[PDB]
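Undergrad: Provide a 3D model corresponding to the input given below.
(chains A, B, C, D, E, F, G, H, I and J)
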Amino acid sequence: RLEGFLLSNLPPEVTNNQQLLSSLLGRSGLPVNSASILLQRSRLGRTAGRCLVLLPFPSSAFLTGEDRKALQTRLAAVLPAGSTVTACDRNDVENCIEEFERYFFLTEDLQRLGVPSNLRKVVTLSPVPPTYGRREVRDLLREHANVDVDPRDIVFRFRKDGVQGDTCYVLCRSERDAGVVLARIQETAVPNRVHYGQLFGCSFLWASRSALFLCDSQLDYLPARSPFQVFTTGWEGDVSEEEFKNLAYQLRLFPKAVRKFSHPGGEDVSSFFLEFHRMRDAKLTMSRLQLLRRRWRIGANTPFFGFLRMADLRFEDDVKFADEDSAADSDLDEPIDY
Amino acid sequence: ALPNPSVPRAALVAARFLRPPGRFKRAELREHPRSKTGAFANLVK
Amino acid sequence: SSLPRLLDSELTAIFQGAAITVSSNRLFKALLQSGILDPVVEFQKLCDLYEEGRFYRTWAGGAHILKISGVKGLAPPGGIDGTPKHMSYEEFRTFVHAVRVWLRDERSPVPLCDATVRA
Amino acid sequence: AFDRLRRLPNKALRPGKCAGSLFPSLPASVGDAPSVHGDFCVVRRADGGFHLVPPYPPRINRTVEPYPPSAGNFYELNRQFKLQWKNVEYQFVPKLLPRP
Amino acid sequence: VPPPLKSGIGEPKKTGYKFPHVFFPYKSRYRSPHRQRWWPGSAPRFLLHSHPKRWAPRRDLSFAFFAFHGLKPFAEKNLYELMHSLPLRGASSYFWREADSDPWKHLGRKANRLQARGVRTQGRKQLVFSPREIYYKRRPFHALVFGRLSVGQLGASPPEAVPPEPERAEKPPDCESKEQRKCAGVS
RNA sequence: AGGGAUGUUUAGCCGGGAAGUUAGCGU
RNA sequence: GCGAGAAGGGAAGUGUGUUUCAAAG
RNA sequence: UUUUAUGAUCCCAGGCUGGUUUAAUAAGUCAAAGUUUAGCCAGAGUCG
RNA sequence: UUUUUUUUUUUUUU
RNA sequence: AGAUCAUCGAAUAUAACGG
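TA: Numbers count the residues shown, from 1 in each chain, chains lettered A, B, ... in the order given. Structure as follows:
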């Protein structure tokens, strides 16, 4: 049954004032038993580009068919500004909307568990699923066809610019053995899309592959800002020097690295960094490694190399964020050749 | 499904300025044995 | 709630009874006679949904014009046969599924086809 | 004049425009935006990569007879490309060019 | 004239094609990626044309006929063939590649290319292979050998030998490096 | 008593490739 | 590993072309 | 029910465009209904 | 299901 | 994506759909 609507794409001038937003709801329908709203807030105290509206107790709203819903939707769609979406909310998706707001607030808090070297070759990705996803919903998966009881509160999801649940979903595993087993059977799988009317929805092919990693350390933020083209390599043999051991053996292979770094931690595997001058040299290196991997019979899915990147950060007392900067000119370093 | 197969979105946006192959390059793919065929890359299945 | 499941075997009798390919004129009248859809659905109701669903284009129903006319059929009418698309067994199945739900969601509190709306 | 053999113009693979789009989000001109990929498709390579590939037969024009008279001495004419997967076969051999 | 196509040992009989490629009559400058390499100054495709089917009259058949692989010249003996006759299948040994007598480096059409330096007017550090696990599929020229790859320094002796290295652990036991030519070891 | 004795064939899924096949409408 | 029809007139009449606009895979 | 002298049915042949100076109170401010020479767009598929 | 593998994985019951 | 005279060969015209 009907339980409320869901607004999106709202202008910043209406979310920052509760008086204006409340006035628009009184004329269309019930005023702010009266209805209630809930505005999503970020960790820094900033609002979002969407809101939520909840209807009164079901006692006075159970008998509401499509005839009364079409008129209400239509009438409440005109009062707000243009370029706005006003969709209905079912009984199942209503509970999921609350979790969406909580994920945005805990985005930075949740990106610390298993991110360090402790859990390196564990993390996985699968950007198949659409916005329709949940911790509970997704828990049933990877159990009926792969046999793998993954943790519950270890599920992280990214977000787009409009605080919308990005299709990029990331999972974790308790152990390391089962990691490989996840990315071998989840290929071209069609469990379901949506559970409406007691029947399944459209089809969706699954595709799991290791293409992204996470790391959190105190000696990684500064070193990874000086060079423009920085590489990452791992899965090395017993403990080694930089100038005396890493440089000498590098001559055999084709790394062609200007500089190098180390990665302590006291584990049984090392990981030395690499540096390049031009983007073409970096690019060519990627191919080389890839080719070599096959030769060695290491594994397609086996993490061997990667590209280092700096995650976007949002500071305080700033009128505009770095990620939302339209005047940035950080693309000239990547020349195009064809 | 039929029009467009399962193609990850990550590999579609990046492949933008990729020049299409020529006439002779096309025959290489079509030539037997088709060793350039990847996983789930079959044009018949 | 609890929408009934349409058995494949049942649809075979209706499709073959109205008679590989068949015209769409005889199928529209036979669907209502069997009463599988259950107000009473009128003949115009099915025709309106057929055009609104963009089934002629999807199914490539206009490809038969070039066989008779040829080059003259490429141009628009003003810049011509107009026979309906002859749906096959496979094609007809899809349409029946699509029209079965379009009538149930017309009075449901939670729309399924088009839930969104632009201001 | 009934059941007369007509002729249609030739058309090769249309190259996609650089300035394309994935999905037009409520377009506000009187037309459809072009595509980057166009006719071409992206597939997984053997060595774990992504590369272009000639799609399934691109509208093999059967209306016009072969130009070189000496085509049967080196190539088998009247070919068919069928799609089968285990015990399932689909009817898609008719390659018709619909009107604009 | 080019040599006739032949199938290698361990392969079922195939049907020969009527033309080398699709554009046989029409085009002539087009070349297939899988073209044979028989002209002097090239190398075979390993497992496509290296070991074609061998036949001989009944009279010529003998034990020694089967041992042709193990008696190949130094310039054509691969790792697989070399390890087959060594004690313990060449296990617990060292191997290295000597790139000094390649067919293209002495003979061939493009045997006078201009290098970045020009011409050669005049102790090294060569890689060493330690085979650990040996698995033979198609003897004596086929195997899946897993070993530890490391670096070692050569000696001052007249021949190519390995004094007190390998020293550094490069990578865990992996697949072989090269399949073209290999030398002996100290063991 | 040794020039003896002992040893003998491992199983399932999925993706791609070559030859033969290219008969099916029973879903 | 990458490039290669760089030697193409065989098809089409309301088509091939031109002009006005548009295109954040 | 639809086209039809504002050419419907219908037979043969022809692929579209640009190219700077250029005399004379036709003193062209773009060479004035239609004239070209490095050039743009465009030109199906097949080893069963 | 049968030859080819320098693209993979799985095997237990107090 | 919209718009965008047709000409020569002397000429010879009403045709296709449903009761």
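Undergrad: Phi, psi for residue C:56 please.
TA: With angles defined as degrees, to the nearest 10, residue C:56 sits at phi -70, psi -40.
Undergrad: so it sits right up against residue C:62, yeah?
TA: Yes - between residue C:56 and residue C:62 there is a contact under Cβ atoms under 8 Å: 6.7 Å. Every residue, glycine included, has its C-beta placed from N, CA and C.
Undergrad: So which bits of the stretch 151-300 of chain A are right by RNA strand F?
TA: Applying Cβ under 7 Å from any atom of the strand, one finds that the stretch 151-300 of chain A approaches RNA strand F through residue A:187.
Undergrad: neighbour-wise, which of residue C:56 and residue C:62 wins?
TA: A direct count of neighbours by other Cβ atoms under 10 Å in any protein chain shown for residue C:56 and residue C:62 places residue C:62 higher, at 18 against 14.
Undergrad: tell me the SS of that one?
TA: helix (DSSP: H, G, I helix; E, B strand; the rest coil).
Undergrad: Residue D:1 too?
TA: From three-state DSSP, the assignment for residue D:1 is coil.
Undergrad: do the same with residue A:290
TA: Following three-state DSSP, we place residue A:290 in the helix state.
Undergrad: Can you tell me how far it is from chain C?
TA: 41 Å (Cβ to the nearest Cβ, to the nearest Å).
Undergrad: distance of that residue from RNA strand G?
TA: Using Cβ to the nearest atom of the strand, to the nearest Å, residue A:290 is found at 11 Å from RNA strand G.
Undergrad: What backbone torsions are found at the residue in chain A positioned nearest to RNA strand J?
TA: Closest to RNA strand J within chain A is residue A:83: 23.9 Å, counting by Cβ to the nearest atom of the strand. Main-chain dihedrals, residue A:83, degrees, to the nearest 10: phi 60, psi 50.
Undergrad: Quick check: chain neighbours aside, which residue is closest to it?
TA: residue A:9 (5.7 Å; Cβ to Cβ, 6 or more residues apart in numbering or on different chains).
Undergrad: need the contact list for the one you found.
TA: Applying Cβ atoms under 8 Å, 6 or more residues apart in numbering or on different chains, one finds that residue A:9 lies in contact with A:49, A:50, A:83, A:84, A:85, A:162.
Undergrad: what about the residue nearest to the fourth one when sequence neighbours are not counted, how many neighbours?
TA: Using Cβ to Cβ, 6+ apart and skipping residues adjacent in sequence, the residue nearest residue A:84 is residue C:119, 4.4 Å away. Taking other Cβ under 10 Å as the neighbour definition, residue C:119 ends up with a count of 14.
Undergrad: ok now do residue C:119, which residues does it touch?
TA: Here residue C:119 is in contact with A:77, A:78, A:80, A:81, A:82, A:83, A:84, A:85, A:86 (criterion: Cβ under 8 Å, 6+ apart).
Undergrad: Going by neighbour count, which of these are buried?
TA: By neighbour count, with 16 or more other Cβ atoms under 10 Å in any protein chain shown, the contacts of residue C:119 hold A:77, A:80, A:84, A:85, A:86 as buried.
Undergrad: The residues you listed in helices, which ones?
TA: residue A:77 (DSSP state H).
Undergrad: Which members of the buried ones among the contacts of residue C:119 are positioned in strands?
TA: A:85, A:86 (DSSP state E).
Undergrad: Quickly check the buried ones among the contacts of residue C:119 for the two that are furthest apart.
TA: Greatest spatial distance in the buried ones among the contacts of residue C:119: A:80 and A:85, 10.0 Å, computed using Cβ to Cβ.
Undergrad: Tell me where chain E has helices.
TA: Using DSSP H, helices in chain E cover E:63-66, E:79-83, E:103-106.
Undergrad: Give me whichever of those helices is most buried.
TA: Between the helices of chain E, helix E:79-83 has the highest mean count of neighbours, a mean of 21, where neighbours are mean count of other Cβ atoms under 10 Å in any protein chain shown.
Undergrad: contacts for it?
TA: Here helix E:79-83 makes contact (Cβ under 8 Å, 6+ apart) with E:69-70, E:72, E:89-90, E:95, E:131, E:134, E:140-143, E:145, E:176, E:178-179, E:182, E:184.
Undergrad: hmm, that helix in reach of RNA strand I?
TA: No - residues of helix E:79-83 contacting RNA strand I under Cβ under 7 Å from any atom of the strand: none, with a closest distance of 8.6 Å.
Undergrad: Repeat that for stretch E:46-66.
TA: No - judged by Cβ under 7 Å from any atom of the strand, stretch E:46-66 stays clear of RNA strand I, getting no closer than 7.5 Å.
Undergrad: Just the buried positions in that stretch, please.
TA: Result for stretch E:46-66 [16+ other Cβ under 10 Å]: buried residues E:49, E:51.
Undergrad: and it, how far apart are its ends?
TA: One end of stretch E:46-66 to the other measures 20 Å (Cα to Cα, to the nearest Å).
Undergrad: and the residue nearest to residue A:84, how far is that from chain B?
TA: For residue C:119 relative to chain B (Cβ to the nearest Cβ), the value is 28 Å.
Undergrad: Now do that residue against RNA strand H, distance only.
TA: 40 Å.
Undergrad: With residue A:196 instead?
TA: Distance, residue A:196 to RNA strand H, by Cβ to the nearest atom of the strand: 43 Å.
Undergrad: how about the nearest residue to that residue once chain neighbours are set aside, what does it touch?
TA: Excluding the flanking residues, the one nearest residue A:196 by Cβ to Cβ, 6+ apart is residue C:112, at 6.1 Å. Counting by Cβ under 8 Å, 6+ apart, residue C:112 makes contact with A:196, A:197, C:101, C:105.
Undergrad: can you tell me if stretch A:85-97 touches chain D.
TA: No - judged by Cβ under 8 Å from any Cβ of the partner chain, stretch A:85-97 stays clear of chain D, getting no closer than 11.1 Å.
Undergrad: Please identify the buried residues of that stretch?
TA: Neighbour counts using 16+ other Cβ under 10 Å place A:85, A:86, A:87, A:88, A:89, A:90, A:93, A:96, A:97 of stretch A:85-97 among the buried residues.
Undergrad: now stretch C:4-24
TA: Neighbour-count burial for stretch C:4-24, counted by 16+ other Cβ under 10 Å, picks out C:11, C:14, C:15, C:18, C:22, C:24.
Undergrad: burial of the closest residue to the fourth one other than its chain neighbours, as a residue count?
TA: Read it as residue C:18. Nearest non-adjacent residue to residue C:18, counting by Cβ to Cβ, 6+ apart: residue C:30, 4.2 Å away. Other residues near residue C:30 come to 15 when the count uses other Cβ under 10 Å.
Undergrad: chain center to stretch A:200-211: distance?
TA: 16 Å (Cα atoms, centre = their mean, to the nearest Å).
Undergrad: Show residues contacting that stretch.
TA: A:123-126, A:128-130, A:182-183, A:186-195, A:301, A:303, B:1, B:6, B:8, B:10.
Undergrad: Name the residue of chain D with the shortest distance to chain B.
TA: For chain D and chain B, the shortest gap (Cβ to the nearest Cβ) falls at residue D:44, measuring 3.6 Å.
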